[PDB]
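Working notes for the structure below.
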Amino acid sequence: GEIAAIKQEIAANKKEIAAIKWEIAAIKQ
Amino acid sequence: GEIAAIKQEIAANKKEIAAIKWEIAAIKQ
Amino acid sequence: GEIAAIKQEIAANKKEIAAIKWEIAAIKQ
Ligand SMILES: [Cl-]
């Protein structure tokens, strides 16, 4: 369904955001 | 409601994205 | 419509995330 598909994409963005924040932490050391 | 909950999560991701972009600016100085 | 507006905002966040990941790659060189 449409709503479920939307929720999945929001969740995927949440994962990428958490990955980036880890990366930013790693660059700063 | 479902739509409202979705909108709140999108907004939360928008905030994290803006925070990261500020962080990226700060790392570059 | 509401769903379409939501989808557009999710897509906009996806673009910003891809931009940030490119930026992170560029900072690391
Ligand atoms: Cl999102």
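Just remember, in the structure tokens the first chain shown is A, the second B, etc., residues are 1-based per chain, and ligands are 1-based in the order shown.
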
I'd like the superposed chain A, fitted onto chain B by least squares over all Cα atoms in order, as a PDB file with N, CA and C atoms, in the first residue's frame.
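See part-v1.pdb below for the written result:
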ATOM      1  N   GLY A   1      -3.172  10.620  14.120  1.00  0.00           N
ATOM      2  CA  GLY A   1      -3.448   9.911  12.835  1.00  0.00           C
ATOM      3  C   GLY A   1      -2.193   9.506  12.076  1.00  0.00           C
ATOM      4  N   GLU A   2      -2.359   8.572  11.143  1.00  0.00           N
ATOM      5  CA  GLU A   2      -1.258   8.044  10.328  1.00  0.00           C
ATOM      6  C   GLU A   2      -0.519   9.101   9.519  1.00  0.00           C
ATOM      7  N   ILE A   3      -1.275   9.941   8.827  1.00  0.00           N
ATOM      8  CA  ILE A   3      -0.692  10.978   7.985  1.00  0.00           C
ATOM      9  C   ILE A   3       0.089  11.964   8.852  1.00  0.00           C
ATOM     10  N   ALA A   4      -0.521  12.425   9.944  1.00  0.00           N
ATOM     11  CA  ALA A   4       0.150  13.326  10.891  1.00  0.00           C
ATOM     12  C   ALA A   4       1.456  12.748  11.451  1.00  0.00           C
ATOM     13  N   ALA A   5       1.431  11.468  11.812  1.00  0.00           N
ATOM     14  CA  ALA A   5       2.615  10.766  12.307  1.00  0.00           C
ATOM     15  C   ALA A   5       3.718  10.722  11.250  1.00  0.00           C
ATOM     16  N   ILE A   6       3.334  10.413  10.012  1.00  0.00           N
ATOM     17  CA  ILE A   6       4.254  10.444   8.883  1.00  0.00           C
ATOM     18  C   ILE A   6       4.870  11.835   8.738  1.00  0.00           C
ATOM     19  N   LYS A   7       4.032  12.868   8.726  1.00  0.00           N
ATOM     20  CA  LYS A   7       4.520  14.247   8.577  1.00  0.00           C
ATOM     21  C   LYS A   7       5.520  14.651   9.668  1.00  0.00           C
ATOM     22  N   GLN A   8       5.275  14.192  10.887  1.00  0.00           N
ATOM     23  CA  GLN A   8       6.158  14.479  12.013  1.00  0.00           C
ATOM     24  C   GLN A   8       7.539  13.854  11.829  1.00  0.00           C
ATOM     25  N   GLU A   9       7.564  12.621  11.320  1.00  0.00           N
ATOM     26  CA  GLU A   9       8.809  11.896  11.052  1.00  0.00           C
ATOM     27  C   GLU A   9       9.604  12.516   9.897  1.00  0.00           C
ATOM     28  N   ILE A  10       8.901  12.984   8.864  1.00  0.00           N
ATOM     29  CA  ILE A  10       9.540  13.693   7.756  1.00  0.00           C
ATOM     30  C   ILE A  10      10.192  14.976   8.274  1.00  0.00           C
ATOM     31  N   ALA A  11       9.464  15.701   9.121  1.00  0.00           N
ATOM     32  CA  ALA A  11       9.962  16.928   9.734  1.00  0.00           C
ATOM     33  C   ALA A  11      11.194  16.666  10.608  1.00  0.00           C
ATOM     34  N   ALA A  12      11.170  15.570  11.364  1.00  0.00           N
ATOM     35  CA  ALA A  12      12.314  15.190  12.187  1.00  0.00           C
ATOM     36  C   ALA A  12      13.553  14.906  11.336  1.00  0.00           C
ATOM     37  N   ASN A  13      13.367  14.233  10.199  1.00  0.00           N
ATOM     38  CA  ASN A  13      14.464  13.981   9.254  1.00  0.00           C
ATOM     39  C   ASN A  13      15.014  15.264   8.630  1.00  0.00           C
ATOM     40  N   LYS A  14      14.122  16.200   8.314  1.00  0.00           N
ATOM     41  CA  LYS A  14      14.501  17.520   7.808  1.00  0.00           C
ATOM     42  C   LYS A  14      15.392  18.272   8.806  1.00  0.00           C
ATOM     43  N   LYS A  15      15.051  18.198  10.089  1.00  0.00           N
ATOM     44  CA  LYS A  15      15.874  18.796  11.137  1.00  0.00           C
ATOM     45  C   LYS A  15      17.263  18.166  11.219  1.00  0.00           C
ATOM     46  N   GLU A  16      17.329  16.836  11.202  1.00  0.00           N
ATOM     47  CA  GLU A  16      18.615  16.134  11.272  1.00  0.00           C
ATOM     48  C   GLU A  16      19.500  16.467  10.072  1.00  0.00           C
ATOM     49  N   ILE A  17      18.891  16.538   8.892  1.00  0.00           N
ATOM     50  CA  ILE A  17      19.595  16.926   7.673  1.00  0.00           C
ATOM     51  C   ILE A  17      20.199  18.342   7.783  1.00  0.00           C
ATOM     52  N   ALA A  18      19.435  19.291   8.323  1.00  0.00           N
ATOM     53  CA  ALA A  18      19.928  20.667   8.511  1.00  0.00           C
ATOM     54  C   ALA A  18      21.070  20.723   9.527  1.00  0.00           C
ATOM     55  N   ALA A  19      20.959  19.936  10.599  1.00  0.00           N
ATOM     56  CA  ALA A  19      22.023  19.794  11.601  1.00  0.00           C
ATOM     57  C   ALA A  19      23.324  19.263  11.001  1.00  0.00           C
ATOM     58  N   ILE A  20      23.212  18.209  10.197  1.00  0.00           N
ATOM     59  CA  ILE A  20      24.353  17.604   9.501  1.00  0.00           C
ATOM     60  C   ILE A  20      25.017  18.609   8.559  1.00  0.00           C
ATOM     61  N   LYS A  21      24.214  19.362   7.814  1.00  0.00           N
ATOM     62  CA  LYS A  21      24.763  20.352   6.884  1.00  0.00           C
ATOM     63  C   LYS A  21      25.516  21.465   7.630  1.00  0.00           C
ATOM     64  N   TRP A  22      25.021  21.844   8.808  1.00  0.00           N
ATOM     65  CA  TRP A  22      25.737  22.782   9.670  1.00  0.00           C
ATOM     66  C   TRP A  22      27.066  22.165  10.138  1.00  0.00           C
ATOM     67  N   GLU A  23      27.005  20.928  10.637  1.00  0.00           N
ATOM     68  CA  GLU A  23      28.203  20.150  11.012  1.00  0.00           C
ATOM     69  C   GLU A  23      29.244  20.065   9.896  1.00  0.00           C
ATOM     70  N   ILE A  24      28.797  19.779   8.675  1.00  0.00           N
ATOM     71  CA  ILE A  24      29.700  19.699   7.522  1.00  0.00           C
ATOM     72  C   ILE A  24      30.364  21.058   7.275  1.00  0.00           C
ATOM     73  N   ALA A  25      29.591  22.134   7.415  1.00  0.00           N
ATOM     74  CA  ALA A  25      30.122  23.493   7.298  1.00  0.00           C
ATOM     75  C   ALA A  25      31.169  23.781   8.375  1.00  0.00           C
ATOM     76  N   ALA A  26      30.926  23.285   9.586  1.00  0.00           N
ATOM     77  CA  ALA A  26      31.810  23.526  10.727  1.00  0.00           C
ATOM     78  C   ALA A  26      33.128  22.750  10.615  1.00  0.00           C
ATOM     79  N   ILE A  27      33.058  21.520  10.114  1.00  0.00           N
ATOM     80  CA  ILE A  27      34.257  20.714   9.866  1.00  0.00           C
ATOM     81  C   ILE A  27      35.165  21.377   8.818  1.00  0.00           C
ATOM     82  N   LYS A  28      34.562  21.927   7.771  1.00  0.00           N
ATOM     83  CA  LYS A  28      35.307  22.652   6.745  1.00  0.00           C
ATOM     84  C   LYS A  28      35.800  24.013   7.247  1.00  0.00           C
ATOM     85  N   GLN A  29      35.145  24.528   8.291  1.00  0.00           N
ATOM     86  CA  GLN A  29      35.556  25.721   9.068  1.00  0.00           C
ATOM     87  C   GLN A  29      34.885  27.024   8.608  1.00  0.00           C
TER      88      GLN A  29
END
